[PDB]
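Student: Below you'll find the structure I mean.
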Amino acid sequence: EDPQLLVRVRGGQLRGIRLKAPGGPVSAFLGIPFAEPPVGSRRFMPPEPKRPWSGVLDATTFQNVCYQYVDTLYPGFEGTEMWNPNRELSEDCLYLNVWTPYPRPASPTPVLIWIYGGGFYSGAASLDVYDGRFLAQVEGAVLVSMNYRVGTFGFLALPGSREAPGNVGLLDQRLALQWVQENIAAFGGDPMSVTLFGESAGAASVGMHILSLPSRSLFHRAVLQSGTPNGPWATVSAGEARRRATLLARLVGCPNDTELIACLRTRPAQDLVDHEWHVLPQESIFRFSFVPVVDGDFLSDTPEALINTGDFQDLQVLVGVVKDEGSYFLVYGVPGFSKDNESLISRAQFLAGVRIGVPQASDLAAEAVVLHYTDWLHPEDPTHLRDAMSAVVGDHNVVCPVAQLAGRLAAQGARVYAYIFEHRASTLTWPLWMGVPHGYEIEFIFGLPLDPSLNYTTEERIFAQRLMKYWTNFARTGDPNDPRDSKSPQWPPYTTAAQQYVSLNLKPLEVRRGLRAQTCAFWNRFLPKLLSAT
Amino acid sequence: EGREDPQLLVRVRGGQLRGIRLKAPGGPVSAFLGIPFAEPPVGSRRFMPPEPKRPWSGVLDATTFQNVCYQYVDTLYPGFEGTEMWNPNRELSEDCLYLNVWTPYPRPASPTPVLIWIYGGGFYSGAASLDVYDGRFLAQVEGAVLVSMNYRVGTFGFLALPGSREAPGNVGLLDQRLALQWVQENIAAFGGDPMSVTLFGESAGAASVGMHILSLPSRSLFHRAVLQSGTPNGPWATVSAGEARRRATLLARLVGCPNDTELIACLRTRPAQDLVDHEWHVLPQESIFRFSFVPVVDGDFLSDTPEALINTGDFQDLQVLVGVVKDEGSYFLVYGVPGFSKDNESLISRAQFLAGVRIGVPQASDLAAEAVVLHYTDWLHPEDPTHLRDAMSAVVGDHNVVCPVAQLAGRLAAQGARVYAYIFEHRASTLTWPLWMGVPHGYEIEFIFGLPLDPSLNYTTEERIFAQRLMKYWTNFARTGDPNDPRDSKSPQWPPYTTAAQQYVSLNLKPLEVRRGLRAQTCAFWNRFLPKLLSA
Ligand SMILES: CC[N+](C)(CC)CCC[n+]1c(-c2ccccc2)c2cc(N)ccc2c2ccc(N)cc21
Ligand SMILES: *[C@@H]1O[C@H](CO[C@@H]2O[C@@H](C)[C@@H](O)[C@@H](O)[C@@H]2O)[C@@H](O)[C@H](O)[C@H]1NC(C)=O
Ligand SMILES: *[C@@H]1O[C@H](CO)[C@@H](O)[C@H](O)[C@H]1NC(C)=O
Ligand SMILES: *[C@@H]1O[C@H](CO)[C@@H](O)[C@H](O)[C@H]1NC(C)=O
């Protein structure tokens, strides 16, 4: 029995495990329960706090992954398998993980809380890319990651009902945040310095905690990587959520809200997952069936309205995108695209891809998109059309929603830092035409290149170390700049006036101005005006 | 005769003419000025198609420029060369249908290619007698036979009651056509080759040239064409029959007139200056780069809109040279956009920009105007006065000239014509408009005509060499349908403009530079998206 691996939290005693990090040992407490299993009658319901347990709870292994769809598009392919569940699926999945330096910190250490992505229909805190040992060992950070319900289990809603109010997956995240306030000090973490960070849907989740008052007292800073609460995919109206839920009910033989939900609760988990994808209103990509709902409760109004009227004075935020946000999504539904060839497309294929990439666009709006993205000097060039299709999807879904968020937060009091990640991992298995795809900056932020057996170049290892420093400096001070270094170059705050952001790649920081300024004005100022009149 | 210069007496279909020997820097040239080509379109002939000039007896004196067609005279900036250079330089009169001929002295031995100039002035002004249209340099240095005609402008040349017999519309274009017929019949008498006639014009003159390309009866009167900063397609060069009727009857009301016959008959009783005095009161909105009486889509001279005709036309046996200047729109801003002036830097506010856009694109809906504003706004510095000023200029120049020219070059090329394109970027050292206006609309003309060759005009030595280069391109084009010098292979070649490569050249003090795409992205906005916005 090692006293460093023994901790006492409000629910009882835990025993962690000493793990090996390249530069030394770290203490890991994995699979800690933070809520009563949301099973049986608790399906679709808000999470309840975990009841106290007797004896010593074994916290040396990752717990089960929340029930979810498993990708089968490219069987055996690392590019896709790296995101698949790496533990048993089960609705009994509300557990969190804690990594800390070994021995446990002498003084209160700033805490980083990770919220994974996966379109709100997948993901797990146990994936290898979210391994917190590196950040814990090299920066002495206390890192926490929780599992939260996804898909129908976490977001199926019959707005106004008592049994399926919606947003329970976000409530799962919130309970884990509360658990950190109440118990993280026992691990040497400082509950007064909690930074949330997440990518994609995880970034959108972080944004929703920023916009939901009850969450605000649970953290102090936030990082949103390639995702936002505003935008076309992160939320749905109460009406559309009801529509998708009742349609799902119908598809599985069900059946008054109470009766419908009661019947949904009798169905095997895989039955719900089997019909999950048959409820989307149009043929599309970057659109997900069950996501956070504007309920007038967790989210008092649309994210769009909340970021326009909010006061973000005492908040520091780090936000950014990767160089090719949309490439990944094209192979999941756009005719002509495949990871196995160059994906050179025709102009006709391009106009068709646009209707799929911007599913909610009228014919006029779609034509505006085509005319804006077509390179009129080479309107029929396959390479340009392919890269344009990618850009359309990434701009519409991520880059412009991020530009929008950065601007409102900065205009309204927040301290904001922005970046564009442009380094393509030497070990990437997706083809070259996809560039730096959605999600591939994560392994660097978590410091995986520091593991010699992973085969990253020596420059990548130095790069990862730089990133871990930015992220942890940001967590510690609300500023990613190194207060030790006195010759950077400095990463300036993003402002509406100057719109400065930095490039994150192998070369030293480069300051740029305007995040797709012209193109995002198109998406954020003109298209709306188009549709609200037509 | 007997004692006069035997080299200045010539005979044309209507009679004998006596020209004048003029001095050009490098030698003498023959000039026959004020040759009548139509019966004076006065009294009962106002608003009517021109009739050929009846033969005269004796020797008609063709030694001085004739009257300028009745028109509005600009007084915005009294005494200012920038505006005065375009004002009438001879008496105003409805008796103005005369043309001019410049030829080498002595007259060419073999048939020489003919260049016919058609002046601009928004169809409401202009004259073939202005100093910038002086044909002596091209005649002397390139041995060209140059012809320029006066044609009716304003109400006199374009007021129309479509379908009527008395004011059919487009009579100013008919005056031009009559002069082209006069060249076919008589130019050989001056040593000109009727089988090699190139039309060139600028602005409304350019639009005029384009309309002759689109009107069959004019097609047999010329072989090649040059359109400088103007096109027959676009937002200002034509009006629909309904709009023309509307403007003509509103004008009639404004002067006390009112059945078309009675209305027109009453208009014919009004003093010419009364019509000019109300000419500007008939435009539908507050605007710039819009003119009251212009060519009308009559279903006769123009069988359909210029846009339809260039989309369906067969232009296989046609060579065309087309181009624009660096700052097509600047000039127009001081004539109606609040905040702009030739006497200050014209730095404007964002609010002044949004208002300028409503005036610069008068036919745009609220949604269309916002699209313009969002496209032209520099989102890194959305409030910068200098950028807003230059963006306002670009909006006007792109909408009215640059994009209509790109549209034209594209259709002509795709449909058989050989097209050459340019952008003129040299600002005359003698320009009197402020620097912020750059190379304004109309300021490439003095270079094409070779004025810098006159020592007394004070152009720099480089400008004189530059002028010579341009005269060479224009006359090579007139001679062969190709601006390139057949010999000199050293100088970079001017490639044809194609839909595939979209190549055009920069005309400035430096050697030719080939560029691709004429404001390609922005013109796609104007030529493909805005229209479609309109269909909704
Ligand atoms: C549109 C009708 N309007 C009578 C306003 C109700 C304004 C006409 C003013 N207006 C304009 C002008 C100014 C700004 C915008 C558009 C046109 C104008 C424009 C040019 N190049 C040359 C002369 C004039 C001009 C000459 C005589 C009279 N009498 C009025 C005139
Ligand atoms: C530039 O001028 C515009 C027009 O005003 C006229 O010209 C100026 C120079 C004065 O002589 C004035 O009396 C004239 O009416 C102004 O509207 C504009 O504000 C001026 N720009 C600035 C701010 O200097
Ligand atoms: C790439 O592969 C997909 C499916 O195998 C196919 O639809 C597409 O035509 C291919 N593209 C190329 C470059 O041939
Ligand atoms: C040309 O320069 C001379 C000498 O400076 C000057 O007297 C004359 O007014 C100028 N004329 C022009 C064309 O500006």
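Following the order of the structure tokens, chains are lettered A, B, ..., residues in each are numbered from 1, and ligands are numbered from 1.
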Identify all chain B residues at most 7 Å from chain A by counting only C-alpha atoms; ligands do not count. Present them as a PDB file with N, CA and C atoms, in the first residue's frame.
Tutor:
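The file below, iface-v6.pdb, is the result:
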```pdb
ATOM      1  N   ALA B 371     -25.055  43.667 -49.695  1.00  0.00           N
ATOM      2  CA  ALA B 371     -24.091  42.719 -50.261  1.00  0.00           C
ATOM      3  C   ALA B 371     -22.879  43.497 -50.794  1.00  0.00           C
ATOM      4  N   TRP B 379     -12.679  44.154 -43.882  1.00  0.00           N
ATOM      5  CA  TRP B 379     -12.999  43.840 -42.502  1.00  0.00           C
ATOM      6  C   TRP B 379     -11.894  43.913 -41.465  1.00  0.00           C
ATOM      7  N   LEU B 380     -10.668  44.176 -41.888  1.00  0.00           N
ATOM      8  CA  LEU B 380      -9.595  44.348 -40.934  1.00  0.00           C
ATOM      9  C   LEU B 380      -9.608  45.803 -40.471  1.00  0.00           C
ATOM     10  N   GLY B 517      -7.061  37.293 -65.241  1.00  0.00           N
ATOM     11  CA  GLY B 517      -8.280  37.601 -64.510  1.00  0.00           C
ATOM     12  C   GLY B 517      -8.492  39.093 -64.305  1.00  0.00           C
ATOM     13  N   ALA B 520     -11.432  39.221 -61.492  1.00  0.00           N
ATOM     14  CA  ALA B 520     -12.179  37.969 -61.533  1.00  0.00           C
ATOM     15  C   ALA B 520     -13.161  37.709 -60.378  1.00  0.00           C
ATOM     16  N   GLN B 521     -12.719  37.740 -59.117  1.00  0.00           N
ATOM     17  CA  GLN B 521     -13.640  37.468 -57.990  1.00  0.00           C
ATOM     18  C   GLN B 521     -14.736  38.497 -57.886  1.00  0.00           C
ATOM     19  N   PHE B 529     -23.523  36.826 -59.260  1.00  0.00           N
ATOM     20  CA  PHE B 529     -24.359  36.815 -58.080  1.00  0.00           C
ATOM     21  C   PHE B 529     -25.403  37.909 -57.988  1.00  0.00           C
TER      22      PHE B 529
END
```
Student: Around ligand 3, at most 6 Å away and counting only C-alpha atoms and all ligand atoms, which residues are there? Put them as a list in words, please.
Tutor: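 The neighbouring residues of ligand 3 are, in order, residues 336, 337, 338, 341, 342, 343 and 344 of chain A.
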Student: Kindly export the residues of the current selection with C-alpha atoms, as a PDB file, in the first residue's frame.
Tutor:
```pdb
ATOM      1  CA  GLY A 336     -16.577  12.079 -54.792  1.00  0.00           C
ATOM      2  CA  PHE A 337     -14.613  12.095 -51.580  1.00  0.00           C
ATOM      3  CA  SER A 338     -12.578   9.227 -50.158  1.00  0.00           C
ATOM      4  CA  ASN A 341      -7.682   8.661 -53.494  1.00  0.00           C
ATOM      5  CA  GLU A 342      -6.961  12.356 -54.289  1.00  0.00           C
ATOM      6  CA  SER A 343     -10.653  13.183 -54.171  1.00  0.00           C
ATOM      7  CA  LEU A 344     -10.361  15.503 -57.175  1.00  0.00           C
TER       8      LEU A 344
END
```
Student: Of the candidates B:274, B:262, B:398, B:142, which shows the shortest atom-to-atom distance to residue 470 in chain B, using only C-alpha atoms?
Tutor: B:142
Student: How would you report the residues lying within 6 Å of ligand 4, as a PyMOL selection string, if you count only C-alpha atoms and all ligand atoms?
Tutor: chain B and resi 456-458
Student: Using only C-alpha atoms, which protein or nucleic acid residues come within 12 Å of residue 470 in chain A? Drop anything in the same chain fewer than 4 positions from it, and give the result as a ChimeraX atom specification.
Tutor: /A:135,139,223,318,417-419,444-447,463-466,474-483,488,490-491,502,504,509
Student: List all protein, DNA and RNA residues that have at least one atom no more than 8 Å from any atom of ligand 1, counting only C-alpha atoms and all ligand atoms, and write them as an MDAnalysis selection string.
Tutor: chainID B and resid 72 74 76 277:291 335:337 359
Student: Write out the residues from the selection above, keeping N, CA and C atoms, as a PDB file, in the first residue's frame.
Tutor:
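As a result, again_8.pdb now contains:
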```
ATOM      1  N   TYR B  72     -25.760  70.149 -72.518  1.00  0.00           N
ATOM      2  CA  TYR B  72     -25.543  70.733 -71.208  1.00  0.00           C
ATOM      3  C   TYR B  72     -24.042  71.061 -71.083  1.00  0.00           C
ATOM      4  N   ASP B  74     -20.929  71.793 -68.488  1.00  0.00           N
ATOM      5  CA  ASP B  74     -20.550  71.654 -67.088  1.00  0.00           C
ATOM      6  C   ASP B  74     -19.985  72.922 -66.476  1.00  0.00           C
ATOM      7  N   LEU B  76     -19.700  72.949 -62.788  1.00  0.00           N
ATOM      8  CA  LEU B  76     -19.380  72.543 -61.423  1.00  0.00           C
ATOM      9  C   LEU B  76     -18.106  73.219 -60.904  1.00  0.00           C
ATOM     10  N   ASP B 277     -32.243  72.448 -69.967  1.00  0.00           N
ATOM     11  CA  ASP B 277     -32.512  72.867 -68.590  1.00  0.00           C
ATOM     12  C   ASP B 277     -33.305  71.863 -67.730  1.00  0.00           C
ATOM     13  N   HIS B 278     -34.043  70.935 -68.335  1.00  0.00           N
ATOM     14  CA  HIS B 278     -34.813  69.963 -67.543  1.00  0.00           C
ATOM     15  C   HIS B 278     -34.360  68.526 -67.708  1.00  0.00           C
ATOM     16  N   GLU B 279     -33.381  68.347 -68.568  1.00  0.00           N
ATOM     17  CA  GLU B 279     -32.817  67.046 -68.873  1.00  0.00           C
ATOM     18  C   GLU B 279     -32.515  66.169 -67.648  1.00  0.00           C
ATOM     19  N   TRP B 280     -31.862  66.750 -66.652  1.00  0.00           N
ATOM     20  CA  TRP B 280     -31.507  65.989 -65.466  1.00  0.00           C
ATOM     21  C   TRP B 280     -32.621  65.736 -64.467  1.00  0.00           C
ATOM     22  N   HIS B 281     -33.777  66.347 -64.679  1.00  0.00           N
ATOM     23  CA  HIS B 281     -34.866  66.162 -63.737  1.00  0.00           C
ATOM     24  C   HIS B 281     -35.696  64.922 -63.995  1.00  0.00           C
ATOM     25  N   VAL B 282     -35.278  64.047 -64.903  1.00  0.00           N
ATOM     26  CA  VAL B 282     -36.101  62.870 -65.164  1.00  0.00           C
ATOM     27  C   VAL B 282     -35.533  61.542 -64.687  1.00  0.00           C
ATOM     28  N   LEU B 283     -34.335  61.550 -64.102  1.00  0.00           N
ATOM     29  CA  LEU B 283     -33.749  60.299 -63.583  1.00  0.00           C
ATOM     30  C   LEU B 283     -34.601  59.781 -62.434  1.00  0.00           C
ATOM     31  N   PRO B 284     -34.837  58.466 -62.394  1.00  0.00           N
ATOM     32  CA  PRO B 284     -35.649  57.813 -61.362  1.00  0.00           C
ATOM     33  C   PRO B 284     -35.151  57.852 -59.910  1.00  0.00           C
ATOM     34  N   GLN B 285     -33.836  57.914 -59.703  1.00  0.00           N
ATOM     35  CA  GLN B 285     -33.299  58.014 -58.345  1.00  0.00           C
ATOM     36  C   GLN B 285     -32.123  58.954 -58.338  1.00  0.00           C
ATOM     37  N   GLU B 286     -31.699  59.309 -57.139  1.00  0.00           N
ATOM     38  CA  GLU B 286     -30.552  60.162 -56.963  1.00  0.00           C
ATOM     39  C   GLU B 286     -29.416  59.211 -57.357  1.00  0.00           C
ATOM     40  N   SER B 287     -28.533  59.652 -58.236  1.00  0.00           N
ATOM     41  CA  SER B 287     -27.491  58.733 -58.659  1.00  0.00           C
ATOM     42  C   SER B 287     -26.306  59.379 -59.312  1.00  0.00           C
ATOM     43  N   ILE B 288     -25.306  58.554 -59.599  1.00  0.00           N
ATOM     44  CA  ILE B 288     -24.153  59.011 -60.367  1.00  0.00           C
ATOM     45  C   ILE B 288     -23.994  57.932 -61.437  1.00  0.00           C
ATOM     46  N   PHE B 289     -23.294  58.274 -62.511  1.00  0.00           N
ATOM     47  CA  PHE B 289     -23.068  57.392 -63.639  1.00  0.00           C
ATOM     48  C   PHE B 289     -24.373  56.915 -64.248  1.00  0.00           C
ATOM     49  N   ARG B 290     -25.360  57.819 -64.277  1.00  0.00           N
ATOM     50  CA  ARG B 290     -26.657  57.530 -64.893  1.00  0.00           C
ATOM     51  C   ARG B 290     -26.982  58.761 -65.721  1.00  0.00           C
ATOM     52  N   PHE B 291     -27.454  58.520 -66.936  1.00  0.00           N
ATOM     53  CA  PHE B 291     -27.753  59.619 -67.836  1.00  0.00           C
ATOM     54  C   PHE B 291     -29.178  59.496 -68.345  1.00  0.00           C
ATOM     55  N   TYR B 335     -19.402  64.265 -58.295  1.00  0.00           N
ATOM     56  CA  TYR B 335     -20.627  64.740 -58.919  1.00  0.00           C
ATOM     57  C   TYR B 335     -21.899  64.304 -58.208  1.00  0.00           C
ATOM     58  N   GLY B 336     -21.827  64.026 -56.908  1.00  0.00           N
ATOM     59  CA  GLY B 336     -23.049  63.616 -56.242  1.00  0.00           C
ATOM     60  C   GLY B 336     -22.977  62.763 -54.992  1.00  0.00           C
ATOM     61  N   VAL B 337     -21.787  62.334 -54.595  1.00  0.00           N
ATOM     62  CA  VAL B 337     -21.696  61.559 -53.376  1.00  0.00           C
ATOM     63  C   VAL B 337     -21.256  62.494 -52.237  1.00  0.00           C
ATOM     64  N   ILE B 359     -26.278  55.624 -53.802  1.00  0.00           N
ATOM     65  CA  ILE B 359     -26.240  56.523 -54.932  1.00  0.00           C
ATOM     66  C   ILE B 359     -25.451  55.916 -56.111  1.00  0.00           C
TER      67      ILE B 359
END
```
Student: With only C-alpha atoms as the atoms that count, which of A:427, A:68, A:289, A:122 lies nearest to residue 247 in chain A?
Tutor: A:289
Student: Find the residues near residue 380 in chain A: any atom within 10 Å, counting only C-alpha atoms, skip ones fewer than 5 places away on the same chain, and give them as a ChimeraX atom specification.
Tutor: /A:345-348,350,374-375,385
Student: Generate the output file for the selected residues, N, CA and C atoms, as a short mmCIF file (atom, residue, chain, number, x, y, z; two decimals), in the first residue's frame.
Tutor:
```cif
data_model
loop_
_atom_site.label_atom_id
_atom_site.label_comp_id
_atom_site.auth_asym_id
_atom_site.auth_seq_id
_atom_site.Cartn_x
_atom_site.Cartn_y
_atom_site.Cartn_z
N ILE A 345 -12.53 16.56 -57.46
CA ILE A 345 -13.93 16.56 -57.87
C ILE A 345 -14.27 17.48 -59.04
N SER A 346 -15.47 17.26 -59.57
CA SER A 346 -15.98 18.04 -60.69
C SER A 346 -16.78 19.20 -60.12
N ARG A 347 -17.05 20.18 -60.97
CA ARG A 347 -17.81 21.31 -60.50
C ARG A 347 -19.22 20.89 -60.10
N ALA A 348 -19.79 19.91 -60.80
CA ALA A 348 -21.14 19.48 -60.47
C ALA A 348 -21.10 18.84 -59.08
N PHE A 350 -19.15 19.60 -56.76
CA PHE A 350 -18.96 20.70 -55.84
C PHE A 350 -20.29 21.32 -55.45
N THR A 374 -15.90 29.61 -55.38
CA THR A 374 -15.32 29.26 -56.67
C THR A 374 -14.16 30.21 -56.93
N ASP A 375 -13.06 29.67 -57.46
CA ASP A 375 -11.92 30.49 -57.85
C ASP A 375 -12.20 30.78 -59.33
N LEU A 385 -11.58 22.88 -56.50
CA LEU A 385 -12.92 22.55 -56.08
C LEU A 385 -12.94 21.65 -54.83
#
```
Student: Do you know which residues are at most 12 Å from residue 372 in chain B counting only C-alpha atoms, after dropping those on the same chain fewer than 2 positions away, and could you put them as a PyMOL selection string?
Tutor: (chain A and resi 522+526) or (chain B and resi 353-358+360-362+364-370+374-378+391-392+394-396+398-399+522-523+525-526+529-530+533)
Student: Any chance you can output those residues with N, CA and C atoms as a short mmCIF file (atom, residue, chain, number, x, y, z; two decimals), in the first residue's frame?
Tutor:
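Output file again_34.cif is given in full below:
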```cif
data_model
loop_
_atom_site.label_atom_id
_atom_site.label_comp_id
_atom_site.auth_asym_id
_atom_site.auth_seq_id
_atom_site.Cartn_x
_atom_site.Cartn_y
_atom_site.Cartn_z
N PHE A 522 -18.86 37.15 -44.73
CA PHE A 522 -19.83 36.54 -45.62
C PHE A 522 -20.78 35.64 -44.81
N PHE A 526 -23.56 38.47 -43.89
CA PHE A 526 -24.43 38.40 -45.05
C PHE A 526 -25.40 37.24 -45.11
N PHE B 353 -20.05 56.06 -46.62
CA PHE B 353 -19.83 54.99 -47.56
C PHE B 353 -21.16 54.28 -47.87
N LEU B 354 -21.91 53.90 -46.84
CA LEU B 354 -23.18 53.22 -47.07
C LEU B 354 -24.13 54.08 -47.90
N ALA B 355 -24.09 55.39 -47.68
CA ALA B 355 -24.95 56.30 -48.43
C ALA B 355 -24.45 56.45 -49.88
N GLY B 356 -23.12 56.45 -50.05
CA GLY B 356 -22.55 56.55 -51.37
C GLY B 356 -22.94 55.34 -52.22
N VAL B 357 -23.01 54.18 -51.59
CA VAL B 357 -23.37 52.95 -52.28
C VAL B 357 -24.80 52.99 -52.81
N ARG B 358 -25.72 53.62 -52.07
CA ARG B 358 -27.10 53.73 -52.53
C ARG B 358 -27.16 54.63 -53.76
N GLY B 360 -24.40 55.17 -55.79
CA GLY B 360 -23.56 54.56 -56.82
C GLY B 360 -24.18 53.35 -57.47
N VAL B 361 -25.11 52.69 -56.79
CA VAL B 361 -25.77 51.53 -57.34
C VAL B 361 -27.23 51.81 -57.05
N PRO B 362 -27.75 52.88 -57.68
CA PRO B 362 -29.13 53.34 -57.53
C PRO B 362 -30.22 52.32 -57.73
N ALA B 364 -30.07 49.17 -56.78
CA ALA B 364 -29.95 48.09 -55.80
C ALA B 364 -30.97 48.17 -54.67
N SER B 365 -31.50 47.01 -54.33
CA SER B 365 -32.45 46.87 -53.23
C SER B 365 -31.62 47.02 -51.96
N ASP B 366 -32.26 46.93 -50.81
CA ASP B 366 -31.54 47.05 -49.55
C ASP B 366 -30.60 45.86 -49.39
N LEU B 367 -31.08 44.66 -49.74
CA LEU B 367 -30.26 43.46 -49.62
C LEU B 367 -29.05 43.52 -50.56
N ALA B 368 -29.27 43.94 -51.80
CA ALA B 368 -28.20 44.05 -52.79
C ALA B 368 -27.14 45.06 -52.34
N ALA B 369 -27.60 46.20 -51.82
CA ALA B 369 -26.67 47.22 -51.37
C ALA B 369 -25.83 46.71 -50.20
N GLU B 370 -26.46 45.96 -49.30
CA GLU B 370 -25.73 45.45 -48.16
C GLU B 370 -24.69 44.45 -48.68
N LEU B 374 -20.76 44.73 -47.82
CA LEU B 374 -20.01 43.67 -47.17
C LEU B 374 -18.86 43.16 -48.03
N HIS B 375 -19.06 43.17 -49.34
CA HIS B 375 -18.02 42.73 -50.25
C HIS B 375 -16.86 43.72 -50.34
N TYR B 376 -17.18 45.01 -50.33
CA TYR B 376 -16.16 46.03 -50.47
C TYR B 376 -15.54 46.49 -49.18
N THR B 377 -16.20 46.24 -48.06
CA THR B 377 -15.64 46.63 -46.77
C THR B 377 -14.37 45.81 -46.53
N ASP B 378 -13.33 46.46 -46.02
CA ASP B 378 -12.09 45.78 -45.64
C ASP B 378 -12.36 45.41 -44.17
N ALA B 391 -12.77 52.43 -51.68
CA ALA B 391 -13.72 51.36 -51.94
C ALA B 391 -14.95 51.93 -52.65
N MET B 392 -15.31 53.16 -52.30
CA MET B 392 -16.46 53.82 -52.91
C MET B 392 -16.14 54.02 -54.41
N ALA B 394 -14.02 52.24 -56.19
CA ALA B 394 -13.99 50.91 -56.82
C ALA B 394 -15.39 50.36 -57.10
N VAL B 395 -16.32 50.62 -56.19
CA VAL B 395 -17.69 50.17 -56.37
C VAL B 395 -18.28 50.74 -57.66
N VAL B 396 -18.11 52.05 -57.84
CA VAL B 396 -18.66 52.74 -58.99
C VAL B 396 -17.99 52.32 -60.29
N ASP B 398 -16.30 49.47 -60.80
CA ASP B 398 -16.51 48.06 -61.12
C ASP B 398 -17.89 47.80 -61.70
N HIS B 399 -18.90 48.38 -61.05
CA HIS B 399 -20.30 48.22 -61.43
C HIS B 399 -20.59 48.80 -62.82
N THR B 522 -14.33 39.76 -57.79
CA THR B 522 -15.27 40.86 -57.69
C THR B 522 -16.24 40.90 -58.89
N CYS B 523 -15.75 40.69 -60.10
CA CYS B 523 -16.70 40.75 -61.21
C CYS B 523 -17.63 39.55 -61.24
N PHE B 525 -18.95 38.50 -58.55
CA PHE B 525 -19.98 39.03 -57.67
C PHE B 525 -20.98 39.87 -58.48
N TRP B 526 -20.49 40.84 -59.24
CA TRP B 526 -21.37 41.71 -60.03
C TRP B 526 -22.08 41.03 -61.19
N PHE B 529 -23.52 36.83 -59.26
CA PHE B 529 -24.36 36.82 -58.08
C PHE B 529 -25.40 37.91 -57.99
N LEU B 530 -25.03 39.18 -58.08
CA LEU B 530 -26.05 40.22 -57.95
C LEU B 530 -27.27 40.01 -58.84
N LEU B 533 -29.47 37.63 -57.35
CA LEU B 533 -30.07 38.14 -56.13
C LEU B 533 -31.38 38.75 -56.60
#
```
Student: Find the nearest atom pair between each residue of chain B and ligand 2 for residues within 7 Å, count only C-alpha atoms and all ligand atoms, give distances in Å to one decimal, sort rows by chain and ascending number, and present the table as JSON lines.
Tutor:
```
{"residue": "B:338", "atom": "CA", "partner": "ligand 2", "partner_atom_place_in_ligand_line": "17 (O)", "distance": 5.9}
{"residue": "B:339", "atom": "CA", "partner": "ligand 2", "partner_atom_place_in_ligand_line": "17 (O)", "distance": 4.0}
{"residue": "B:340", "atom": "CA", "partner": "ligand 2", "partner_atom_place_in_ligand_line": "3 (C)", "distance": 5.3}
{"residue": "B:341", "atom": "CA", "partner": "ligand 2", "partner_atom_place_in_ligand_line": "2 (O)", "distance": 4.7}
{"residue": "B:343", "atom": "CA", "partner": "ligand 2", "partner_atom_place_in_ligand_line": "9 (C)", "distance": 5.2}
{"residue": "B:344", "atom": "CA", "partner": "ligand 2", "partner_atom_place_in_ligand_line": "1 (C)", "distance": 5.0}
{"residue": "B:345", "atom": "CA", "partner": "ligand 2", "partner_atom_place_in_ligand_line": "21 (N)", "distance": 6.6}
{"residue": "B:346", "atom": "CA", "partner": "ligand 2", "partner_atom_place_in_ligand_line": "21 (N)", "distance": 5.0}
{"residue": "B:347", "atom": "CA", "partner": "ligand 2", "partner_atom_place_in_ligand_line": "21 (N)", "distance": 6.2}
```
Student: Please produce a file of the residues just selected, as a CSV table (one decimal), in the first residue's frame, where the atoms kept are N, CA and C atoms.
Tutor:
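Contents of again30.csv, freshly written:
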```csv
chain,number,residue,atom,x,y,z
B,338,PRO,N,-22.1,62.6,-51.2
B,338,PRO,CA,-21.7,63.5,-50.1
B,338,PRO,C,-20.4,63.1,-49.5
B,339,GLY,N,-19.5,64.0,-49.3
B,339,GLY,CA,-18.2,63.7,-48.7
B,339,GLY,C,-17.1,63.8,-49.6
B,340,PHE,N,-17.4,63.7,-50.9
B,340,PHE,CA,-16.3,63.8,-51.9
B,340,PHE,C,-16.1,65.1,-52.6
B,341,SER,N,-14.9,65.5,-52.8
B,341,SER,CA,-14.5,66.8,-53.4
B,341,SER,C,-13.2,66.7,-54.1
B,343,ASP,N,-11.2,69.1,-54.2
B,343,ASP,CA,-10.4,70.0,-53.4
B,343,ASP,C,-9.9,69.6,-52.0
B,344,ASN,N,-10.2,68.4,-51.6
B,344,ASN,CA,-9.7,67.8,-50.4
B,344,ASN,C,-9.5,66.3,-50.6
B,345,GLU,N,-8.9,65.6,-49.6
B,345,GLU,CA,-8.6,64.2,-49.7
B,345,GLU,C,-9.8,63.2,-49.7
B,346,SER,N,-11.0,63.8,-49.5
B,346,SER,CA,-12.2,63.0,-49.5
B,346,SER,C,-12.2,61.8,-48.6
B,347,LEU,N,-11.6,61.9,-47.5
B,347,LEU,CA,-11.6,60.8,-46.5
B,347,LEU,C,-13.1,60.7,-46.0
```
